[PDB]
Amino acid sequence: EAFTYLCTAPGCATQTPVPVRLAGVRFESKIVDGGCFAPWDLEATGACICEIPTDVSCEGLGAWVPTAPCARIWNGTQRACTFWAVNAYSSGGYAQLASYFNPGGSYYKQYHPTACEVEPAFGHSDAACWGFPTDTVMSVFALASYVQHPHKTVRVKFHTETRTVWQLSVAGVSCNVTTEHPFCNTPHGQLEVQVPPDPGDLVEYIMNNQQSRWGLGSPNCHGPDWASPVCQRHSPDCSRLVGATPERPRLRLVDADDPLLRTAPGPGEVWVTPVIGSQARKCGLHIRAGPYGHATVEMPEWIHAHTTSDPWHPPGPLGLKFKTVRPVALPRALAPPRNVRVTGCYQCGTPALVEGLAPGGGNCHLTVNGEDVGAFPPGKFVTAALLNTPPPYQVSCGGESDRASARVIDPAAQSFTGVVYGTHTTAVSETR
């Protein structure tokens, strides 16, 4: 019986009674792939127009609205757009008189269709539009949505049931120690390694060549990591949005001298202010937007400060308990298992069902694509295992492998299982 402490740093080693060297530190986990995450990025554009446009769209407003921002914002999430008539046509035109701008602008929309809201804004300052001989004309357009910038999108994998792996060389023999498997064979005995507890759940931020950054925790959306993209926009299949979503932005036409400008817009609020033109029949637009969560996320900067290059592990040391004890040699079945069926999902957080027939002549130390799922006595077995690998599944008892039958879906498919995505439609018929 002997005892020694082994430090956890590279190069750490003990020589007596048996040479033990710390080869490295890694980890095991049950992966939960969340798909794509990004910040809620409110973006706004518009124009102050000394005219009553007949086509309220990016192409129809091309003479005033910035081209690239309009197209990008138009394609965003929870789009909101308003067209305000500040001073309409006094005579002539085509559905451009003040009478066509009723609340909601249904009269204008009849002749000039648009996906945007149309509202009267008579009474608001028209000072920004000048240089007209008789009839002063003015309108304001505002457009805002939650835009998905590719550089701000991150792939996130949650690591559950985390086990720190202390890679040891015990008298030249490889031994990977964890809280689950803390024993190593020594030349004529056994080494039991006392290890610190596991670090709990980890967050793997995958940047895109491909690089992984690490968070320690769930994460905690109520602490210093509140601005994590995990706390924001969630797309399980990196295409469709699910769960918590901000409301459509609230667009407001605010005059330059309005006392409201002494305060800041709230989250999702967009305040637009016409700017007096230096040129005749032209005007600028000042836009004030309240970002979601009260701040704009800077992706490379957030990742650099809120993550580490490697997963965290406790400082140690490890307690090396050397014993003269030798484990009892048990006979094991080396033949492959038969009629193995795998059902459920992988990298999803819900254990998959693994069932089959273990062969005779000992316990089958079952592996599913090399993943340890436990040992089973001969005959029928059933287990619930958290799988990290996709199908097809190669099943073995430690010897030759066989192909299992599988009905296993991916994490993105699991995220959409048990739900009917999109618009729910219903019809109310006329009475008989």
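Each residue number is its position in the shown sequence, starting from 1.
- Compared with other PDB entries of the same protein, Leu330 is missing from at least a third of those that resolve the residues around it.
- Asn208, modelled here, also has coordinates in every other compared entry of this protein that models residues flanking it, well short of the third needed to call it frequently missing.
- According to the record, no deposited residue between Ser218 and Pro219 is left without atomic coordinates.
- The PDB entry reports B-factors from which the mean C-alpha value can be compared for 337-345 and 322-330; the larger average falls on 322-330.
- Taking the mean C-alpha B-factor of each stretch as recorded, 152-160 and 355-363 are not equal, and the higher mean is that of 355-363.
- Of the candidates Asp135, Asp255, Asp225, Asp201, the PDB record gives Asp135 the highest C-alpha temperature factor.
- The maximum CA B-factor among the listed residues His181, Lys109, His294, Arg250, taken from the PDB record, is found at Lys109.
- Sorting the modelled residues of the chain by their CA temperature factor places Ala63 in the highest third.
- When the CA B factors of the chain's modelled residues are split into thirds, the value for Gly316 lands in the middle one.
- Sorting the modelled residues of the chain by their CA temperature factor places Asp402 in the highest third.
- Among the modelled residues of its chain, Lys30 has a C-alpha B-factor that falls in the lowest third, as given in the PDB entry.
- Looking at the C-alpha B-factors along this chain, the one for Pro39 belongs to the lowest third.
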